[PDB]
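Visitor: first chunk of the complex, coordinates as they sit in the assembly:
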Amino acid sequence: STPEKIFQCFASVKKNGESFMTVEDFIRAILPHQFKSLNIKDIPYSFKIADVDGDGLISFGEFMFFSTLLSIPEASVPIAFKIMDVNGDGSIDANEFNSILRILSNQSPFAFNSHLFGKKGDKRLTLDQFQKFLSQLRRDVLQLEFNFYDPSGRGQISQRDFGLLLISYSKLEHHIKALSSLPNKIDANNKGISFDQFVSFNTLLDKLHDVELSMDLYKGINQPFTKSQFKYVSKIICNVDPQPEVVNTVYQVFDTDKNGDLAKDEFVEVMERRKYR
């Protein structure tokens, strides 16, 4: 669970005694739902970001920093910013960032990103830019997860594919049983789920505590959490309508009494929350 137990598990290569991650080790390490021959075609942005020095390997230091950035909740980014903005000028400069990398590395058992700070290393991040950077990063990793189920690069996945994903987020032969009912083709009568609608669903899981409140409020009015409540809450939380295939799959997979009301025992208490949520 710790990023140092993750790193020792997955760092498959040594150089001058020091452990290191190849590209494929890195991708395995940051896709825990898929990994507990990846035929990589391109080098993911996530890797180029994590690999600060540019030797094409992820150090312990580099992995810890990448983990840390990725683990920051969207709504707590400003707090993290103020901590890493060591001189309080409201910008993060290359040195404040390389400073962190240096310490994390020197805390390795063994013991500048041109991408963010420019070729020269002379640019800085405001809070807004830093929010944007943490966004691209989160989205990139979602893209890696997504692509396992869409190797063609179509832009979308089947409903069965979406269901495997949903199960990967769980904890399942009961949950697996429902996949049978789920389409495995994208035709006219069976639509797929877009990356965008996968990202939105991750938005919903980030705010799982707000789905929880929603279910407790409707339970009061004696309203079952049907697909219409599910739709409305997602709209409020995600700011985007869910499309039906999303909702249909969620219900199919998780509504294990088929009764049409998605309870707390059936969905909220089955999704592993995030580190600070």
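Guide: Cool, the structure landed. Numbering: from 1, shown residues only, chains lettered A, B, ... in the order given.

Visitor: contacts for the longest helix seen in chain A?
Guide: In chain A, taking DSSP state H as the definition, the longest helix is helix A:127-148. The contact list for helix A:127-148, computed with Cβ atoms under 8 Å, 6 or more residues apart in numbering, reads A:27, A:30-31, A:33-34, A:44-46, A:49, A:69-70, A:72, A:74, A:77-78, A:81, A:90, A:92, A:116, A:125, A:153, A:157, A:165, A:195, A:198-199, A:202. All C-beta spots, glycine's among them, are computed from the backbone N, C-alpha and C.

Visitor: mind listing what's buried in that helix?
Guide: Of all the residues in helix A:127-148, those buried under the rule 16 or more other Cβ atoms under 10 Å are A:127, A:130, A:133-134, A:137-138, A:140-141, A:143-148.

Visitor: following that helix, which helix or strand comes up?
Guide: strand A:156-157 (DSSP states H and E).

Visitor: which helices and strands does that next one pack with?
Guide: When contacts are defined as 3 or more Cβ pairs under 8 Å, 6 or more residues apart in numbering; DSSP states H and E, strand A:156-157 sits against strand A:193-194.

Visitor: ok, the strand it packs on: who's next to it in the sheet?
Guide: In the sheet, strand A:193-194 lines up against strand A:156-157 (antiparallel) (DSSP bridges).

Visitor: ok, residues contacting the partner strand?
Guide: Contacts for strand A:156-157 (Cβ under 8 Å, 6+ apart): A:146, A:149-150, A:165, A:186, A:192-195, A:198.

Visitor: closest to residue A:260 out of those residues?
Guide: Proximity of these to residue A:260 (Cβ to Cβ) peaks at residue A:193, which lies at 21.6 Å.

Visitor: also put chain B on there:
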Amino acid sequence: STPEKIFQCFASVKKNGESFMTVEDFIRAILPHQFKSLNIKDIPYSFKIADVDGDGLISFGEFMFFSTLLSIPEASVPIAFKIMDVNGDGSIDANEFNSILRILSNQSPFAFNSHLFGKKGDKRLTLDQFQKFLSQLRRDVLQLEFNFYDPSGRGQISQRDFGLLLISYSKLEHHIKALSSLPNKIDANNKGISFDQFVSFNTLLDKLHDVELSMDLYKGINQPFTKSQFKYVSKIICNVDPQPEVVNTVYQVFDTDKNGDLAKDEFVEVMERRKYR
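Guide: The block that follows adds chain B to the chains above:
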């Protein structure tokens, strides 16, 4: 833990077979840290709010609604608003509110607030007003907790008094042992803690997940969570400096290795979080 198990425990009076809460039952029921002869002088605002019909008793229906409103996190209020705004006009009218009360009551085992909607019942709540109302409510209950330790109405409590409070929030002879070192007088050399600074501390516990992130970020840079880190984080979260007596007491009570770094085992993992946090 459920508000219906709370209500059956505490509703000490019956009328036409139906169970009910007196003022003192109500105050016991909503101060769980203090209650698992209150000599009430005035009738608390919380009671006047919870008692919609005005018979001077809290029904099951009235207690469920009061619980529900009080349990809503500050940052999730807009979600709750949109659920209770049944006709989507962006206002909560008396009927939308009385509608909820009616259903909660009719879900009792046995089976308009002039305060919010006006004498006539003809006023409504925007989201902002609804946020304000939920605020006053949260603050009122904090005032009830506070007053147990300040019966005089001085405006402040001793550091020992503040420490008992902190322990009430825990889970303690180890934690109790430290109270010995804590002043029990408000003199010149020993200052008390104001209600304001008690409210701010509750703000800090509401965002305990952000203290958690802070501790994990400093742990990386290999910075111990000393009183200076504690100060700075509270400022970021609460938007108010903590005064020293607050910090001194927190450390005294919870820093059980006296080592000067407040760990996660020592504080974060000792405070029972809120219902959706």
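
Visitor: once more on the buried residues of helix A:127-148, this time with chain B?
Guide: Of all the residues in helix A:127-148, those buried under the rule 16 or more other Cβ atoms under 10 Å in any protein chain shown are A:127, A:130, A:133-134, A:137-138, A:140-141, A:143-148.

Visitor: again with stretch A:105-116
Guide: Result for stretch A:105-116 [16+ other Cβ under 10 Å]: buried residues A:105, A:107-108, A:112-113, A:116.

Visitor: how about the longest helix of chain A against chain B, any contact?
Guide: No. Helix A:127-148 lies out of reach of chain B by Cβ under 8 Å from any Cβ of the partner chain, never closer than 12.4 Å.

Visitor: need the contact list for residue A:176.
Guide: Taking Cβ atoms under 8 Å, 6 or more residues apart in numbering or on different chains, we find residue A:176 in contact with residue A:167.

Visitor: and chain A, which of its residues are near chain B?
Guide: The interface of chain A toward chain B, taken as Cβ under 8 Å from any Cβ, is made up of A:64, A:68, A:72-73, A:75-76, A:78-80, A:82-84, A:100, A:103-104, A:107, A:209-210, A:212-214, A:216-218, A:220-222, A:233, A:236-237, A:276-277.

Visitor: which of those residues count as buried?
Guide: A:64, A:68, A:72-73, A:76, A:79-80, A:82-84, A:100, A:103-104, A:107, A:209-210, A:212-214, A:216-218, A:220, A:233, A:237, A:276.

Visitor: so which of the residues you listed belong to helices?
Guide: Per DSSP H, these map to helices at A:64, A:68, A:79-80, A:82-84, A:100, A:103-104, A:209-210, A:212-214, A:216-218, A:220, A:233, A:237.

Visitor: chain neighbours aside, what residue packs nearest to the residue in the stretch 101-250 of chain A that chain B sits nearest to?
Guide: With Cβ to the nearest Cβ as the measure, residue A:209 is the residue of the stretch 101-250 of chain A nearest to chain B, at 4.4 Å. If the residues on either side of it in the chain are set aside, residue A:209 comes closest to residue B:276, at 4.4 Å by Cβ to Cβ, 6 or more residues apart in numbering or on different chains.

Visitor: okay, now chain C:
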Amino acid sequence: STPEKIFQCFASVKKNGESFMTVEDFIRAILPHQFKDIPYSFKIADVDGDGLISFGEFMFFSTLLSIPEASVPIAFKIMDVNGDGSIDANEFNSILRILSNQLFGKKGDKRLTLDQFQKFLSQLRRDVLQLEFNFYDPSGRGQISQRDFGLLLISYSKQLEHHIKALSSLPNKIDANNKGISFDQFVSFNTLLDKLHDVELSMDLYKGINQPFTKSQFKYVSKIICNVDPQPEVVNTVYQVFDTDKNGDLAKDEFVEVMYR
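Guide: Now chain C, sitting on the chains shown earlier:
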């Protein structure tokens, strides 16, 4: 036009060679557009409790009232001289001491947070709006006719006679087929006037799709800015009064230009 000129002109009581405002002077001064029991507004302004408003008291009240809701955090930081996140009574009465010498509890021990300060300014703004509306609701109905709303609109404007010829067309009675306008809607319409820039943006986005700014656009924009349903009668009165050329399109003249930020 400045609040010092305003104070001079409305302060009726001369005592010890200074001017002072009674309750009625103070109400006429804070309702510039338009000119029982004592208002919360007056009680807040009378820091010394002498039952009159001094020049310093009025300038202070005027300053706090001038602060736009969106900029209250900026004003809070300027007033929190020490940077501790709370406005104490010493800091709050800073202007008052200076403008006078040429909330905090009876012990003045309470410190205001930004949320509390936002709340305070909100009550203040609402009170001044109640006073302006109560000028057209003496019976205390809680609603005003369409024609009374029209006058209140013309007051907020910058009397064209055409403005005054529109009022005939507007009902002066409330009845089952001629609804009245509630206080809550008058407040909400005041929100809309705080975000008049946002209305202007929307007018450009609509013209870009060859869509003039009709009652249908006015209602939608109003809803996304105020986040509450606009009342038809408010909008009809806006169009009846301000759509001077009566083409059904409310131009940037006519309304936005006619009404800190």
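
Visitor: again for the buried residues of helix A:127-148, since chain C is there now?
Guide: Quick answer for helix A:127-148 (16+ other Cβ under 10 Å): A:127, A:130, A:133-134, A:137-138, A:140-141, A:143-148.

Visitor: starting at the chain centroid, how far to that helix?
Guide: 8 Å (Cα atoms, centre = their mean, to the nearest Å).

Visitor: quick one, that helix and helix A:77-84 angle?
Guide: Orientation check (axes from the mean of the first three to the mean of the last three Cα atoms, to 10 degrees): helix A:127-148 against helix A:77-84 gives 120 degrees.

Visitor: do helix A:127-148 and chain C come into contact?
Guide: No. Against chain C, helix A:127-148 shows no contacts by Cβ under 8 Å from any Cβ, the least distance being 15.4 Å.

Visitor: for that helix, list the C-alpha coordinates in CSV.
Guide: What follows is helix A:127-148, C-alpha atoms only, in CSV (Å, rounded to 0.1, in the frame of the first residue of the first chain):
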residue,chain,number,x,y,z
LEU,A,127,-1.6,27.9,-8.3
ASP,A,128,-3.8,27.8,-11.3
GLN,A,129,-1.1,26.4,-13.6
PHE,A,130,-0.3,23.9,-10.8
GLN,A,131,-3.9,22.8,-10.7
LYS,A,132,-3.8,22.4,-14.5
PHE,A,133,-0.6,20.3,-14.3
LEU,A,134,-2.1,18.0,-11.6
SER,A,135,-5.2,17.7,-13.8
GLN,A,136,-3.4,16.6,-17.0
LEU,A,137,-1.5,14.1,-14.8
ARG,A,138,-4.6,12.6,-13.3
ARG,A,139,-6.2,12.4,-16.7
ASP,A,140,-3.1,10.8,-18.2
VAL,A,141,-3.2,7.9,-15.8
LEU,A,142,-6.9,7.5,-16.4
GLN,A,143,-6.0,7.2,-20.1
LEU,A,144,-3.5,4.4,-19.3
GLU,A,145,-6.2,2.5,-17.3
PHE,A,146,-8.6,3.1,-20.2
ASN,A,147,-6.3,1.9,-23.0
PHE,A,148,-5.9,-1.6,-21.4
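
Visitor: this completes my enquiry, with thanks.
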